[PDB]
Structures are given as C-alpha cells and as structure tokens.
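To begin, one chain is listed below as structure tokens, in the form deposited without ligand GDP.
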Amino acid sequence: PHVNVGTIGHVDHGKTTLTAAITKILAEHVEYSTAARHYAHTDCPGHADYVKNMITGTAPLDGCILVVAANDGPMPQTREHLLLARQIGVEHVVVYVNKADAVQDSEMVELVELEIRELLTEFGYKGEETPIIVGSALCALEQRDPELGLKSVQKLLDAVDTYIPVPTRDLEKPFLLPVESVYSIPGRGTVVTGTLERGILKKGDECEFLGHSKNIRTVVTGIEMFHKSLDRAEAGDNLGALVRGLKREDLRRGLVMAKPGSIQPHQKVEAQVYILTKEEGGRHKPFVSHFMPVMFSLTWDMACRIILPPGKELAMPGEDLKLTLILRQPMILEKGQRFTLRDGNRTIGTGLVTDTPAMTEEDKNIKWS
C-alpha cells in the first residue's frame, strides 16, 4: 500500500532534521518504507504549495506529521499549519515534540503536549487520541542517546503506520473504465483498453458505454492483463476488456464503460482550480469570466465556460480558486475527478471537481460560439 505524508511546522523546529533521521534509521520529496507500507514523504514550504499539490493530484496527502519544538511550543502560525491540513482534506495528524534534549523539564513538555491537544481539538481533530511522540531529532540523526533519539523516531514511525490510514481505492463504487483504445482478437471479439478509475470488474459483469449518442449495453466476457486471461480486475489496473457482440466500429476512445446505470452525465461543475504560471507553461496574462478553454478529463475533451466567483472579475497566473465551469454538453464528470484546461496547444490550468450542481436557467441561457 502507498501512503502520502507531509511534515508541517516551523522550519527551525526540526522538520528537516527529523526527515533526515528517519532516512538514516531506515537505511539499515523523499521516499522510505516501514514494514507496513511504502511512504512518500513531502515537506512543502507553504500553504499554496500543498493546495496546488492537492488540486493537481501530484502528492495528495493521507496525513501530516506536525513537528513542534518543546522550548517554544506552538507558534502563532501553528494555527495556519492546521487550517491548511484541514483544508486539503487531511483528517489524521501525528505529532512529534522535538526538544533541546538537555533532559530539561518533563512538566514543561507536558504543558506543550496539553496545548497542542487543545489546538488539535480546536481544529476538528481528535486531540485526545492523536499520537504525540517526544524526542530529539538531532540525537537520532547523530547516532547519539538512543533513548531520546532512535527510540523516539521508531515510535514516530510506528505511530504513522498505525494512525495514518491508507488511501481508499473506492472499490465499493461502481466500476468506471475510460476507453483508451479499441481492437479485435480473431475468433474472440472486440476489446477495449483502459485503466479502471474505481470499483472492481469481474469477468461476466454487465457493462454500458457512455458518451455515445446511443446508449450501448452488453457484457464483459473476458479480462486481459499482461496477455494473461483473468476473471477479475481492480481499480488502478490497466487492462483489456473483451466485450460481447460488438464490433470495433461501435466503440472509440473517449467512451466510458461503467456498471449499468451507475453514472449520470454532468454539464455543470464547481471545482478547485490552479492556474499555471508562464514558467509552468501557462499564460502570461490573466483570464476573465466567460473565457472558453477546452476541458480534458479521463479520455475525453469538451469545450467549457468559466464562471468566476461573484465579486472576482479576474484570476491571475499562479493562483488557485474555486470556479464554476459549464460544459458545452454533459460528460462523465464525477466528484473527485481531476481535469485540465487547454487554450490552443497548451495547458493553462488544472482542476479537481468539488460539486455537480444542478444546471440553472441562467446557465442554460448561455450564448456559445
């Protein structure tokens, strides 16, 4: 299983030192692995960076490791550190209280932990059950005093393994397969290739292709992966699905094979969008309302109109904000689905769907090209 964790806190409080101590202990944006799972460790300098990573899906965090120094205790910005975690969807936090290891005062440390739990509770987390480990990242990194160094780091890792859950596969959701390509197998039939977005597919399940003028329905007779004939496929797997009684002409890229009547096309969406800077290959100038770029999602593309939030009349490169987008026509756009926006031959933005509001009269009255 793969887990994404990010380290938040004041730079002078030990983050980088701890991250290094963990690296050296397990050697016996970084990556390490405990007995339980594969870890993707992230440590972004700012709020806008974590939000960008969430929207883009580059490093969607499953949990955070809040590093606080015993001497200073929480800083005023510790509040913004937790607001950020709360905002990007992190619901599990593990705390590491880093100390001057000079065997100082257990009482002071106790008050630090107490204050931290008050804060955690304040921001919706369960401050009473949050694992709080006390130690010295510096001792652990310098192979000195194992009781405060090594011990604390091992305890932190155990706490991360236990309290930060793995990212869900959504295998409980109806299977959804974006069709990437179509081809035939002599004597067997037509095959559609693609990568399952969610749910599970079993040799024999009934399917239905969406995105086509006509609604096509049939059955999956065979599953193929690595030229091996399986009977079950899982979310995330790239496969070939053998369809029953259908010719290549009846299918194409862009269609979506899903569990019969499980998906409802959407034309109006609200989403968190990040606008690319010119340095990232985006636009030089800002774009305003009624800007019509092309949305690319799954294996399809469609024109859409951007509706800036009330009040805002422009959006600048490098900014992220919530926007309303109206597709020229309904498409398979689910909540949690990511997309990109292209103007001409270049991407100008990235998005993550937050809501699928009902199309309003006003939205219907839109005047297109």
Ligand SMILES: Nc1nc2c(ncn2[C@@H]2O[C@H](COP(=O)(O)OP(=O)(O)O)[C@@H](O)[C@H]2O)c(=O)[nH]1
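Quick note: we count residues from 1 along the sequence shown, nothing fancier.
Quick note: we don't show the form deposited with ligand GDP bound, though the next part is all about it.
Kindly check, after superposition on the C-alphas around the site, whether ligand GDP taken in the entry with it bound would be blocked here (3 or more of its atoms within 2.4 Å of a backbone or C-beta atom) or open? Blocked: the placed ligand clashes with backbone or C-beta atoms.
In the entry with it bound, segment of 241-249, 267-275, 209-217, 130-138 with a heavy atom within 4.5 Å of ligand GDP: That would be 130-138.
Touches ligand GDP in the entry with it bound: residue 24 (any heavy atom, 4.5 Å): No, residue 24 stays farther than 4.5 Å from ligand GDP in the entry with it bound.
Check whether residue 17 has any heavy atom within 4.5 Å of a heavy atom of ligand GDP in the entry with it bound, and answer yes or no. Heavy-atom contact with ligand GDP at 4.5 Å: present for residue 17.
Should residue 358 be counted as a contact of ligand GDP in the entry with it bound, where contact means heavy atoms within 4.5 Å? Flag for residue 358 set to no.
Even though ligand GDP is not shown here, does residue 113 get within 4.5 Å of it in the entry with it bound, heavy atoms only? Residue 113: no contact with ligand GDP in the entry with it bound.
If we check ligand GDP in the entry with it bound, which of the residues in 88-127 reach within 4.5 angstroms of it by a non-hydrogen atom? 98, 99, 101, 102 sit within 4.5 Å of the partner.
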